[PDB]
Structures are given as C-alpha cells and as structure tokens.
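Worksheet: one structure, shown below.
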Number of protein chains: 4
Amino acid sequence: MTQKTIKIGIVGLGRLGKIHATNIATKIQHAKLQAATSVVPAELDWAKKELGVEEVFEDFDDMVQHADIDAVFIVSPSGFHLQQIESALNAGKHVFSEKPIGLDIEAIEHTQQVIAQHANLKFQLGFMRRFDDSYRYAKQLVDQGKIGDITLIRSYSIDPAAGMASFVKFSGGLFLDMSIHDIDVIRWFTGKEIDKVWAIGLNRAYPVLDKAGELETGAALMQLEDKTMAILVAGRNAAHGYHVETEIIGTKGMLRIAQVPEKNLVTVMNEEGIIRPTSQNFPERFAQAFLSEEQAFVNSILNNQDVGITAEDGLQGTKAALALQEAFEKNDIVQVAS
Amino acid sequence: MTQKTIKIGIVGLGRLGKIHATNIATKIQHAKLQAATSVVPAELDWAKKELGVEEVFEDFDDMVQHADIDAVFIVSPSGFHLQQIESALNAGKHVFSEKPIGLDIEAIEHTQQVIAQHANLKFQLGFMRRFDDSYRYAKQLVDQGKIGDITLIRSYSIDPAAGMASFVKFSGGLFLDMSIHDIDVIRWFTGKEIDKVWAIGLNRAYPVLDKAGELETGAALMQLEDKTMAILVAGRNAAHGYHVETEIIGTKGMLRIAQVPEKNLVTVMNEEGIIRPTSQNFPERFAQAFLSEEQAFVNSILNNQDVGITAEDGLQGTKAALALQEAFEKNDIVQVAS
Amino acid sequence: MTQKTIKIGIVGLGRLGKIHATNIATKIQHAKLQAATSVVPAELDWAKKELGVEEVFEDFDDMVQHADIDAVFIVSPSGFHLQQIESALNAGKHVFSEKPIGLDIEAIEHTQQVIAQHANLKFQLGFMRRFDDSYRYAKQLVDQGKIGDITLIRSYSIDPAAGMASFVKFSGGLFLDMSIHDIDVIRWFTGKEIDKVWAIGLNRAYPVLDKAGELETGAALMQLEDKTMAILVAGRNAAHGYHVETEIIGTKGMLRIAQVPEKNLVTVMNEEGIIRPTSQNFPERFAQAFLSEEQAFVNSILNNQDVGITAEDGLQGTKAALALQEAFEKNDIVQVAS
Amino acid sequence: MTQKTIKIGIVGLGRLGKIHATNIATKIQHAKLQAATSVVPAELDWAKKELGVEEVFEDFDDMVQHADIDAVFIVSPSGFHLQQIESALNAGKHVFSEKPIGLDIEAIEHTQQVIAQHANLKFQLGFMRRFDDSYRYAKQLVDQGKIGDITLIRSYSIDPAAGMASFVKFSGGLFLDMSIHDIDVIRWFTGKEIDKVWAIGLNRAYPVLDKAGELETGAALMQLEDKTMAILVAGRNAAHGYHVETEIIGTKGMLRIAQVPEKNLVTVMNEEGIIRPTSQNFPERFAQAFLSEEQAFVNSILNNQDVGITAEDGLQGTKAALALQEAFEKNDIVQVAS
C-alpha cells in the first residue's frame, strides 16, 4: 500500500508538547507517535499510559540515534532548539520545531548552515497562525488584491489575566515570548522586512515585574523597509480572555482578524446587556491551526513538498524580537539589521 | 415675520405626556406649550413651575373652548381619545393623538366621519416608529427595491422586566398595549392588510397574570392579503432591556432593525466577555423619533402639508390588535375583517 | 491491543453520503470504511479509487449479509431508511441512520419494534445539531438554569438561493425537508412535546413551486404541551448564505445561536460598509458536528454506551413535520397527536 | 422673565461654521444668531436669507465693536483664532473658539494672559468629543473605576477616501489637522501629560503628498508622564467611511468607543454577507456632540458656570501635535516639553 506511516518522536511534554503529542497520536493521518524524550519521569509515564508510546528516553540524542522514528517534534524550552535541530538532522530525521528557532543570532546562523547541508530533509517552524482558517482567509483577500497595498498592520497578542499569578513567580522578555508570531504575521502578509523599531512598556498592575526585568504590557511602533507601518501590543493581563487580533489597513480597504475573540456562535442577553463569550487561552483559540500545521508537516514528508516556512523566517523573527527588547531597555529607536 | 408660533395645549401628563410637553416647550421650533389639562393637581403645578405653561384646566372641553391654542396633543388614557379628538376638531383645533385612536370599532368610525368633516385641520396619530432614523433608513432600502418584494416580517416588542412588578398590580390586553406599533410597521412597509391571525401566550414567570386576563409573553402568526407572512412577539419581561426589533425578509435580501438594542457605540470587554450595553426603556430608544414626529406635526400646520398618517391607519391598527386578542382567547384562527 | 477497529459499510453516496464516507475513512478514530452500496456505478468507483473501499455492492441486503462489517451508515433516500434499518439490525449490525427515520407513522412503529428486539445493538439518528459546539454550549447554559424556564423558541432553517434553480426542477415538502432538525432542537432543549401547530407559506420568488406542491418559504407557530411557544421559519431562498439560527427566550434571559451565520473571525471594511462573510452551505456550517456525531457513534459501540438519540426522537420529528404539512394544506390548526 | 436670550455673532462660514450657525439659529435654546462676519459675499447672503441674520460684517473687529451681541463663535481658519479671541474678550464678549487655539506656542501664551485678564468672561474650545454621548459613557465607566487605572489608549481618526481628491489639490500637517481631538481625549481620560513621541508616515496611495509635505496616513507611539502608553493613527484615506475609534485598556478591563463606525441600528444581509452601514463624515458622526457643546456654552453664560475646557487644554493639544510633526520630520523621538 502506498505512502505509509511517519513515525514521530517528541521532546518536550509541557502544555504545548502534550497538545502536539495527543494530536499526533490520535488525530493526525499517516502518523504514529513512536517515541518521547523527557527528563521528568511523570511525563514519560503519561506518554506510555495515555498515548501508548512504545519507546521512552531520558536523553534526546539517545532517542534520535536509537528510536524507530522518521521525524522529530521539538517542543523543548527555546534554549535547546538549535542543538536538538542539528542533532536530529545529522541523524537523518525530518524536523518540526516550535518557535523560536533559537535565541542567539550567531548560533542560529550555524544551524542555518546545518539545515542547508540537509536539503533532502524537511524543516518546519511552528508558526501556526499561517495555518489558521481566519488568517488564511485574510491572506487570500490580500493576495487577490482586495485591499490594495498594505499601509499599516496592527497586531495584538495579550495573554489572559488568569495566568498572571503564575507568571509573577515564574522568561526571556515580553516581545520574545509574546510577539514572535506577530512579527511573523507582518512578514508573511507583506513580504517585507522590519527596519527600525521603538518599544515602550509598563508594569502598572504588577510592578514586581520591574525588578524581574519583565513587562506586563508593552507597545511598539515599527517602520518597515518600504516605510510600511506596524503597531504591536503584547501583554499578559487581558481581563476578557486570550486576545489575539490582527488588523490590516490597505489602500483600498481594511480588515480585522478577531476584532474580538469570539468563542463560538452564541450570543447571550441578560441583565448585563448583550454578551459574546470569548476564547480563554491559546489551545482553545488555535486548536485547528495546531492540527493543520501538524498534518502539513506529515504530508510534506509523504509528498516531498516544502511547506515554505524556513530557518530564515525563524532568524528574522528572533532578530526583530531582540531589536524590540533592545529598544525597550534603551528607550530609543533601534535598527533591526544592527 | 413669516410663519409664526403654533400654540399647543396638552391633555395627559403621565410619563409619555411629560415627554411630549417637555419637548414642545423646550426643543420644538415654532411651537409654544400654552395650555395643559389634567385632573391631577400636582401635574398642573408641574406644568406651571417646570414648563411655565400659562393656562391650566381641569376639563378638556374647557381648555379647547377657552385657551389661546391652535392645536392639541392628546396623551390621555386610550378610552378618552375619540371624544377628545372630536371635541378638539369641532372647536377648530389641529389634533395630534397618541395611539391607539380608540378601542371600539363603531365609535372609531364615528370619529372618522368627524375627521372627514374637518379636512382643513391636521390630524396625526403618534406612530413614532415611522419617524425613527433606523426605521426610515430601512424603509428607504425597501422603497428603492433593494430587498425585492417582502415575504416575511418579524417584529418583537418586549418591555423590560424592570416594569413587571408595577404591571402585576397595575390593562386592555397585551397585543393592544404592545403590538399596535408592530401592526402599523407591517402595514407601513408592505402597503398590505392583515387577513387572518392566530395568537398564543403564556404567563410562565408571573402566573398571577392568568387570573387578571393579562399576558406576560405572546406570539402571533399572521397571513396578509397577498399571502405575506408576519410574526409578532410581545412581552413584558425582557431581562436585557427594551427589545424592539423588526426583521424584513425579501426575495433579494433581508434586513434587521435593532437585531439587538444597542445603547451607544461603546463595547466593554471584561471577565464576563464582550459586552454591548443596551437601551433600557422606550423614552431612551425613541427619543429622536418623538422629537421628529412632534416637529413634523408643527411643520404640517405651518406648511399646510399632510403627514400621511390617517385615522384609517388608526382603525386598522386597533382592528388587528382586537383580532389578535380574540384569537388568543378562542385559541383559534380569526379573520381580521370580521 | 484493546478496543479494536469498527468496520463500517455505507449506503447512499450522494452529497451527504460522501461527507460521512470521507470522514469515516480519513478522520474518525477506530473506524474503517470497509464496504459501500450504491446502484450508481460511478459512485462505487469513486469509493474504491478515492477512499480505497474494499467491498462494493449493488444491493443493500447483499452488503449486510456478506461484507466484513460491524456497523452500517444509512444515507439513502428517506423512503429506504426503515427497510434498511430493519435489515441491518436483523443481520446483527449496529446502525447509524440519517434523518428522517421514515415517512409513514405505521411503518415507523413497526421499526421501533424491531429496534426494541435488538437492544444489544446501537441505533443512532443523524440529528447532528446535538453535537454542534455552539448548540451544546447553549444547552449547557440552559441545563445550568442560566436563562430559567424556556418560554419561547424561534428556529430558522433557510437554504441558500444558490440552490433554488436546481430545486425548481428537482421532494416530500418544505417542513419535512428543512424543519426536522428544528423540531428536534425544540424537543431537545425543552424536554416537552408539540401539541398544536399552524403553518403558512408562500411562493413569491418562484411561483412555479405552487403547481409542484412545494414551498419556497414557510412559517409556523406551535404551542407545546405546557403552553410553551415555538416559531419556525423554513426556506430555500436566503440571499446571504445558509441561515440556521435558534433563539431561546427564558424567564431570566435570552440567547441566540448564530444570530447571523458568521463564516470565521474576519471582518472586512470597504466602500460597502462593515462586512462579515457568511457560511454558505450545510457542509461548511456543520463540518464539526458531522465529525463529532460520527465519532460518538463509533465510541458508543466500543464503550457500549447509549448516545441518547432514539427511534422515538425520530418518530416525533416525523410526526410534527407531517402535522406542519397538514396544517399548511388545510390552512388550519392541527393537533400533532392526531 | 428670567435668564434671557444670548445674542451670538459668528465668524467663519465654511462647512463647520455653517453647522454651528444653523444649530444656533434653529435648535439651541436661549440663543439667537444675531451677526455674521465673512469676507466672502455669498456667505453673508446665505446667512441673511437662510438664517435671517440681522447684522452682517466684512471685518471681525467691526462686528465685535458694533454688533448687538453678547458672545462670539470663532470658526475662522486656525491662523486667525488667537487675534480674534483677544479682540472679542477685549470688547467684553464671551468666546467659543474652534480648535486649535492657535499654531504658535509664544502667541498662545500671550492669549492665555489676555484670557486670564478677563476671568468674568466664558472661554470655551471646541473639543466636541467631550460632549459626545458615547465618549461620555466611557468616561463615566472610567471615573467609576470600572476598568481600573489606564495602561494604554489607542485612538484613530481617519477621514473618508471621498475627500482625498479635494485634499490633494487643497494644510498645516496631518497630526495638527487630524489628531488634536485624539490628543485631547488622551489628556481628558487620563489626567496626565504626554512626555515623548515618535511618529512615522507614508504616502502610498497618493505619493504626490510627499512633495507637498503632507501625509495620507501616519502613526505615532507616545509615552505619557507616568509611563502610560498611547497609540495614534491619523489618515485621510478610509475606504469604509469616517473612522474615529478610541480604545482604552485598563488594569481591570478594556473598552472601545466605535470599534466600527456604525451608522444606525440597521443590519443588511444579502449576497455580500452581513453588512453594517457606516457613518460617512464628521457632521453625521458628531451631530449630537456639536449641539451639546453649543448648548453647554450658552448655558455656561446664563448660569455663570465654567465648562472646564481651558486655554491650557488648547495649548497642550497644539504642543503635542507640533511634537508629533517634529518627530515625523526628524524621524526620531521628540520630547514634548521642548
């Protein structure tokens, strides 16, 4: 029978890792979750009991050398992405990596070289908004010329207040954590790069974040290479739920993706007025996008086609995020290319 | 100087009467509130102090015979409308009357005759939705042919729950009280008459209304002369505010007027979700429409033009409402013309 | 390994049949599409090529007697449902049947008996709205007591105008075709039965439907056993897309499910105003619900649990729809139990 | 009789001047439009014919010295505001002035001194958003503590594309023209001043604006004195109508004023999807606010109360706008106080 089953090994079984693992094991066509790596025991036992994973490992290199797998999903903390990407490729495995690709520009370029030396292997970064139905619908309108050339993009990513308490005592920075997907969306929609940025921020609700070098809310203005404008807001304290919204203003029109984060098709009317319930967290909002990107990765290997999300999209995402962080600490305009 | 000041006398200084009186005295161009009639003393003192009305009367005929007025606003209880309309016309005064025109078909036809014998005097019924900006905008689309021929109209009029307690111990019927404006809207938009109706109702939240021969919620289905369909819902127990909504389905499109009763342009987002505050009562929702119909009445006299709301619109409104009430009591289909 | 793979045979490979078949073959866990029955050759070849179905049949009884299947999906025209349900159960197969269960009350009761004689086999009717995320969310609010007791339900099912031309030359009636899901929704939310109904209708846009004994738009008012009110509208000519909307008015609140049929989270702003794109047809709107009901059927067999959609829900749906049709032809109130 | 009629003279009978003049003459209580000044003949003839203005003048000082007026409305081009304000106050007239107060900081401080020397005369600047029902409703929520302390304000003012052609051949700058009301809104809601700003802009749709030192779209990021953040967008090319929107993010919630610029309560559904018509221009959107601010000015004189909009609100508005313009030309962060 034609085009068989891709056996996948996963590393990282935190919240996001468990989503990918569960999806691969139960919902994704032509895929099997064969192996898992974690150095937390309870996580490996979860993988065996809940998902019936056959091979467990305490060490990533041990998994890639010995497990019966064709591909890996890297969902470890960001500091490990580059070394795990390189090892997997060197052992002849296809690679899906969560964002960001890495944290250090020099180290990222070393990985770009390794990736280029394995052109026969698929490499995909987890920019899942590119697979979200609403984002894709908007991209289609833009590609068809329906709003003309893009003059301004505004994107907000604000985590729910429900997670603030855990964060306070729980980073890498606000823009690195929260805005990388927004940076990618800007590049994806425009085809252009970010030139210079200024970013400001505030810890009003939780001033303890000041001493921790963290931010609860930040905003940025960005000028792109052709003088295109972009506005970012990132935050960790949205009272109404998970607020991810992207606005595109063009010469012929305007559109918004999730102007408000509608949960479903239910409207409630009571003494409080007219109420639309909201989506509450990222797994709820982006459930479909996660499944679609996972399936796209599996199909890319089976059909030997490139998905079009490159190490370069990863590098630029990290670079712009670093530039935003630097602009915030200096409180001055920073050029991204520097 | 050209086209002077219309002096107006008012009878009825309940909630609605006070709105008209205040508007005429302070906001309406080319009008003066000259006289007021009421047999509640406190009301006449209010009219003198608050509005500086010059002539007060305890008797309507006394006012129309002796006051220095050109026109009257009849805002008395519905049982008095016909006799006050006739008296005012016989004394040579222009007449604005609140709905309904009257309660008894035979008595209404007697008044139609009196009105016909005074063709040089203006007569206007208070169907204020015809002057509401949103209703007028929809009428314009319909007249321009933008939704084609009308196949179905659904109209809801539901008073806020906040008034239920006072109503319980406080009628004429639900459809007479609440649906007359909806009946007029149906006739206004279509140009057609209502043929047969069935109406049902329920006193779920306040079953004490059963013994009082009143209804807290009722619904009706109506077939118009050309087989056009209409649906009515009337109620006294809306939790979210004052719900007045009209939906028109046509062969080429559909529109809704106040799908939800938005208060203003403010959206609130908090832990409850996305909230739109609502309008709470009729004076808030129809403030503009009241002012516009009052000004139209005054201008109709000054410019000697007919506004186009006739005693016949009044008769048919009362007739259809009676038919709905009869259908409800019999629990059977009733033909309106009978 | 525990709880294996349910092999399914399908009959009916029209539009809806192909959706179920594709889903079962590619997306549903623990299921295999093993066999297909059709007497259109092209359909069987589609099933073999596209879905790799192993066993094809020209005759339903041949499939149920000889194919290697544990369960059947009946997606044939409604006139065949009862005889295929009985045959499948008699051959020891679990049964999913699309709506309606059947068309003749007497014949339906015969099938109810056969079903009762096979209590160890699962039987499920395709009322997919019970599995839709938005309907389930509303049901949850209702069950939690959040809108109090239900006083009125309004449900609209209107097919897109895009299908009118094919329908004209293409029935069973409007209420049978379009309103069965609405009838089920009413029963599901309330727990109550429908007592008496009146239905009217019109063929304004396409009067050729008059001679065919069909309806393009119809409306109905229904009184339930406890004097609960329900309003239905069914149609085949919605200009804006596929309009399926359910409104529930309670003593403490109100909710609407898909007040407007939003396609996604994209809002467009151009010279036409503010635009929300709409879902266009049933497969788009109810994609999730179809997958969920299919998975629920498969899991019900594996876990030996009843889903709770019975032959009785089927009987009552057909009965009320027949009553609506009779009320329309007589233009009079009809009691459902008669 | 108590508290008489305020006689008003107006200068400036362009689009905005005609709105104020018409309102004062026909709608405003206790006011009379007595005199008009213009050096365009047709404008004075309009004032006499259309509004029955008694005294016309070609020279502003001639009007203030000789006309029978108690107060003046200054609706001349911005370059004349300061000299006309001073002259009116010196001749003992109450003053309403449109924004901006003036263009030159030094000249503005000279006028502040003149204003201080006439403390017995009312002075009011035309920041009409402070009188808009939706803005006032939001201010009320903020004052009541309902969204906590304000962390970010985003305000957009975008003129309709319908006016671009006339503008191209038709300035003072984009931020001066379009963003002064937004600056005032920020100060009004927060009580805080703007510290530093960066502004960027683009002439994508109409690059001819480059040579004219004008902007079609601009964006700005602002840091306020307590590290509060603000985002501005100003433009002249909105395809969907007049887009004025203000978003306030607080520690406990978020609100938007006119997230989309809804025209009325009508929703249209046709082949294009679900459509909300939009307001098209400033006179339509802010009709109510203009009437309210005019009435407030008249009442302030009659009741000898201060409205609370000062020359200082004017100075700071102009200062911040100049800072935004300077930041744009330098493409660098500018401190407002410098």
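A note on labels: chains of the structure tokens are A, B, ... as shown, every chain counts residues from 1, and ligands are counted from 1 in their shown order.
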
Exercise for the section: Name all residues at most 6 Å from residue 96 (chain D) (count only C-alpha atoms; drop same-chain ones fewer than 4 positions away) and give them as a PyMOL selection string. Expected result: chain D and resi 73+123-125

Can you spit out the residues from that selection as a PDB file, in the first residue's frame, using N, CA and C atoms?
```pdb
ATOM      1  N   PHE D  73     -18.757  83.118  18.190  1.00  0.00           N
ATOM      2  CA  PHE D  73     -18.285  81.788  17.820  1.00  0.00           C
ATOM      3  C   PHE D  73     -17.216  82.002  16.779  1.00  0.00           C
ATOM      4  N   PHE D 123     -14.736  81.269  28.298  1.00  0.00           N
ATOM      5  CA  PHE D 123     -13.946  80.898  27.129  1.00  0.00           C
ATOM      6  C   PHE D 123     -14.027  79.387  26.972  1.00  0.00           C
ATOM      7  N   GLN D 124     -14.383  78.931  25.772  1.00  0.00           N
ATOM      8  CA  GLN D 124     -14.579  77.505  25.532  1.00  0.00           C
ATOM      9  C   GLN D 124     -13.976  77.098  24.198  1.00  0.00           C
ATOM     10  N   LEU D 125     -13.202  76.007  24.210  1.00  0.00           N
ATOM     11  CA  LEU D 125     -12.635  75.446  22.987  1.00  0.00           C
ATOM     12  C   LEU D 125     -13.481  74.293  22.466  1.00  0.00           C
TER      13      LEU D 125
END
```

For chain A against chain C, with a cut-off of 8 Å and counting only C-alpha atoms, what is the closest atom pair and its distance in Å to one decimal for every residue that makes the cut, ordered by chain and number, as JSON lines?
```
{"residue": "A:26", "atom": "CA", "partner": "C:29", "partner_atom": "CA", "distance": 7.0}
{"residue": "A:27", "atom": "CA", "partner": "C:27", "partner_atom": "CA", "distance": 6.9}
{"residue": "A:28", "atom": "CA", "partner": "C:27", "partner_atom": "CA", "distance": 8.0}
{"residue": "A:29", "atom": "CA", "partner": "C:26", "partner_atom": "CA", "distance": 7.0}
{"residue": "A:133", "atom": "CA", "partner": "C:264", "partner_atom": "CA", "distance": 7.5}
{"residue": "A:134", "atom": "CA", "partner": "C:265", "partner_atom": "CA", "distance": 5.7}
{"residue": "A:137", "atom": "CA", "partner": "C:266", "partner_atom": "CA", "distance": 7.7}
{"residue": "A:138", "atom": "CA", "partner": "C:266", "partner_atom": "CA", "distance": 7.0}
{"residue": "A:252", "atom": "CA", "partner": "C:270", "partner_atom": "CA", "distance": 7.1}
{"residue": "A:253", "atom": "CA", "partner": "C:270", "partner_atom": "CA", "distance": 4.8}
{"residue": "A:254", "atom": "CA", "partner": "C:269", "partner_atom": "CA", "distance": 5.1}
{"residue": "A:255", "atom": "CA", "partner": "C:268", "partner_atom": "CA", "distance": 4.4}
{"residue": "A:256", "atom": "CA", "partner": "C:267", "partner_atom": "CA", "distance": 5.2}
{"residue": "A:257", "atom": "CA", "partner": "C:266", "partner_atom": "CA", "distance": 4.6}
{"residue": "A:258", "atom": "CA", "partner": "C:265", "partner_atom": "CA", "distance": 4.8}
{"residue": "A:259", "atom": "CA", "partner": "C:267", "partner_atom": "CA", "distance": 7.5}
{"residue": "A:261", "atom": "CA", "partner": "C:265", "partner_atom": "CA", "distance": 7.9}
{"residue": "A:262", "atom": "CA", "partner": "C:265", "partner_atom": "CA", "distance": 7.6}
{"residue": "A:264", "atom": "CA", "partner": "C:134", "partner_atom": "CA", "distance": 5.8}
{"residue": "A:265", "atom": "CA", "partner": "C:258", "partner_atom": "CA", "distance": 4.8}
{"residue": "A:266", "atom": "CA", "partner": "C:257", "partner_atom": "CA", "distance": 4.6}
{"residue": "A:267", "atom": "CA", "partner": "C:256", "partner_atom": "CA", "distance": 5.2}
{"residue": "A:268", "atom": "CA", "partner": "C:255", "partner_atom": "CA", "distance": 4.4}
{"residue": "A:269", "atom": "CA", "partner": "C:254", "partner_atom": "CA", "distance": 5.1}
{"residue": "A:270", "atom": "CA", "partner": "C:253", "partner_atom": "CA", "distance": 4.8}
{"residue": "A:271", "atom": "CA", "partner": "C:253", "partner_atom": "CA", "distance": 7.7}
```

Exercise for the section: Within 9 Å of region 197-202 of chain C, counting only C-alpha atoms, which residues show up once you throw out same-chain ones fewer than 6 positions away? Write them as a VMD selection string, please. Expected result: (chain B and resid 151 198 221 to 223 227 to 229 333) or (chain C and resid 210 215 to 224 232 320 323 to 329 331 to 336)

Practice task
Just the alpha helix (DSSP H) stuff from region 173-297 of chain A, please, per backbone DSSP, written as number ranges by chain.
Solution key: A: 174-178, 180-190, 208-211, 282-285, 287-297

Take the residues just selected and output them with N, CA and C atoms as a compact mmCIF listing (two decimals), in the first residue's frame.
```txt
# COMPACT_ATOMS: atom_id res chain seq x y z
N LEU A 174 9.16 40.04 27.15
CA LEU A 174 7.79 40.07 26.66
C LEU A 174 7.69 39.90 25.15
N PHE A 175 8.55 40.59 24.41
CA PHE A 175 8.42 40.59 22.96
C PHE A 175 8.90 39.26 22.38
N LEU A 176 9.91 38.68 23.02
CA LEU A 176 10.39 37.36 22.63
C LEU A 176 9.29 36.32 22.85
N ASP A 177 8.64 36.40 24.01
CA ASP A 177 7.63 35.42 24.38
C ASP A 177 6.33 35.59 23.60
N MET A 178 5.88 36.83 23.47
CA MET A 178 4.52 37.10 23.01
C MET A 178 4.39 37.60 21.57
N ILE A 180 6.59 37.14 18.77
CA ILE A 180 7.22 36.46 17.65
C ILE A 180 6.20 36.07 16.57
N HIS A 181 5.02 35.59 16.98
CA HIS A 181 4.01 35.24 15.99
C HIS A 181 3.51 36.47 15.25
N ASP A 182 3.45 37.60 15.94
CA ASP A 182 3.02 38.84 15.30
C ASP A 182 4.05 39.33 14.29
N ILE A 183 5.33 39.24 14.65
CA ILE A 183 6.40 39.57 13.72
C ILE A 183 6.29 38.70 12.47
N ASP A 184 6.11 37.40 12.66
CA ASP A 184 5.96 36.53 11.51
C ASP A 184 4.74 36.87 10.64
N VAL A 185 3.62 37.19 11.28
CA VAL A 185 2.43 37.60 10.55
C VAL A 185 2.69 38.83 9.68
N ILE A 186 3.41 39.80 10.23
CA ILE A 186 3.73 41.01 9.49
C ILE A 186 4.57 40.68 8.25
N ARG A 187 5.61 39.87 8.43
CA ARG A 187 6.47 39.48 7.32
C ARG A 187 5.71 38.65 6.30
N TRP A 188 4.87 37.74 6.79
CA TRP A 188 4.10 36.85 5.93
C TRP A 188 3.14 37.64 5.04
N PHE A 189 2.40 38.58 5.62
CA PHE A 189 1.41 39.32 4.85
C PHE A 189 2.03 40.30 3.86
N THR A 190 3.14 40.92 4.24
CA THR A 190 3.74 41.99 3.44
C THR A 190 4.81 41.51 2.46
N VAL A 208 5.97 44.40 40.48
CA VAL A 208 7.04 43.48 40.86
C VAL A 208 7.83 43.01 39.62
N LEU A 209 7.17 43.07 38.47
CA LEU A 209 7.81 42.70 37.21
C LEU A 209 8.98 43.64 36.84
N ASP A 210 8.99 44.84 37.41
CA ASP A 210 10.07 45.80 37.17
C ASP A 210 11.42 45.23 37.62
N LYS A 211 11.45 44.70 38.84
CA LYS A 211 12.67 44.16 39.42
C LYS A 211 13.11 42.87 38.73
N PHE A 282 -4.76 29.98 24.47
CA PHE A 282 -4.25 29.61 23.15
C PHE A 282 -4.67 28.22 22.64
N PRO A 283 -4.75 27.20 23.52
CA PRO A 283 -5.14 25.91 22.95
C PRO A 283 -6.56 25.93 22.40
N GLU A 284 -7.45 26.68 23.04
CA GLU A 284 -8.81 26.82 22.54
C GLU A 284 -8.84 27.61 21.22
N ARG A 285 -8.16 28.75 21.19
CA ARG A 285 -8.21 29.62 20.00
C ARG A 285 -7.55 28.95 18.80
N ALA A 287 -6.69 25.65 18.27
CA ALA A 287 -6.81 24.20 18.14
C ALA A 287 -6.72 23.71 16.70
N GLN A 288 -7.48 24.35 15.82
CA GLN A 288 -7.50 23.99 14.40
C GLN A 288 -6.15 24.22 13.74
N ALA A 289 -5.51 25.34 14.07
CA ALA A 289 -4.22 25.67 13.46
C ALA A 289 -3.14 24.68 13.84
N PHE A 290 -3.15 24.21 15.09
CA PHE A 290 -2.18 23.21 15.50
C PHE A 290 -2.34 21.92 14.70
N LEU A 291 -3.57 21.43 14.59
CA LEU A 291 -3.84 20.22 13.82
C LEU A 291 -3.43 20.38 12.37
N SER A 292 -3.76 21.53 11.77
CA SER A 292 -3.41 21.76 10.38
C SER A 292 -1.90 21.81 10.15
N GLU A 293 -1.14 22.48 11.01
CA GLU A 293 0.31 22.53 10.81
C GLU A 293 0.96 21.16 11.03
N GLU A 294 0.43 20.36 11.96
CA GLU A 294 0.96 19.03 12.19
C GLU A 294 0.71 18.17 10.95
N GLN A 295 -0.50 18.24 10.41
CA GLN A 295 -0.83 17.44 9.23
C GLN A 295 -0.01 17.89 8.04
N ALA A 296 0.21 19.19 7.92
CA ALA A 296 1.01 19.71 6.82
C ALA A 296 2.45 19.19 6.88
N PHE A 297 2.99 19.07 8.08
CA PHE A 297 4.35 18.56 8.24
C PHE A 297 4.44 17.11 7.78
```

Exercise for the section: Please provide the set of residues having any atom within 12 Å of residue 14 (chain A), restricted to only C-alpha atoms, with same-chain residues fewer than 5 positions apart removed, written as a ChimeraX atom specification. Expected result: /A:19-22,37-40,42-44,46-47,74-77

Practice task
Could you check how far CA of residue 154 (chain A) sits from CA of residue 213 (chain D), in Å to one decimal?
Solution key: 25.1 Å

Problem - Spatial neighbours of residue 9 (chain B), max dist 6 Å, only C-alpha atoms, sep filter under 3 positions, as number ranges by chain - result: B: 34-36, 72

Go ahead and save the picked residues with C-alpha atoms, as a PDB file, in the first residue's frame.
```pdb
ATOM      1  CA  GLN B  34     -49.567  77.299  26.057  1.00  0.00           C
ATOM      2  CA  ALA B  35     -52.055  75.194  27.990  1.00  0.00           C
ATOM      3  CA  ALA B  36     -52.335  71.911  29.895  1.00  0.00           C
ATOM      4  CA  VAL B  72     -53.879  69.959  20.870  1.00  0.00           C
TER       5      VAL B  72
END
```

Exercise for the section: For residue 337 (chain A), list every protein, DNA or RNA residue within 10 Å, evaluated using only C-alpha atoms, and leave out those in the same chain fewer than 4 positions away; present the list as a ChimeraX atom specification. Expected result: /A:193-196,316,319-320,323

Expected file contents, prior selection, C-alpha atoms, as a PDB file, in the first residue's frame:
```pdb
ATOM      1  CA  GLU A 193      11.371  43.230   6.452  1.00  0.00           C
ATOM      2  CA  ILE A 194      11.290  45.430   9.581  1.00  0.00           C
ATOM      3  CA  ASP A 195      13.755  48.350   9.521  1.00  0.00           C
ATOM      4  CA  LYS A 196      13.543  50.242  12.793  1.00  0.00           C
ATOM      5  CA  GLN A 316      14.200  37.255  11.318  1.00  0.00           C
ATOM      6  CA  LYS A 319      16.139  39.285  15.331  1.00  0.00           C
ATOM      7  CA  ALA A 320      13.146  41.649  15.347  1.00  0.00           C
ATOM      8  CA  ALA A 323      15.506  44.585  18.497  1.00  0.00           C
TER       9      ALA A 323
END
```
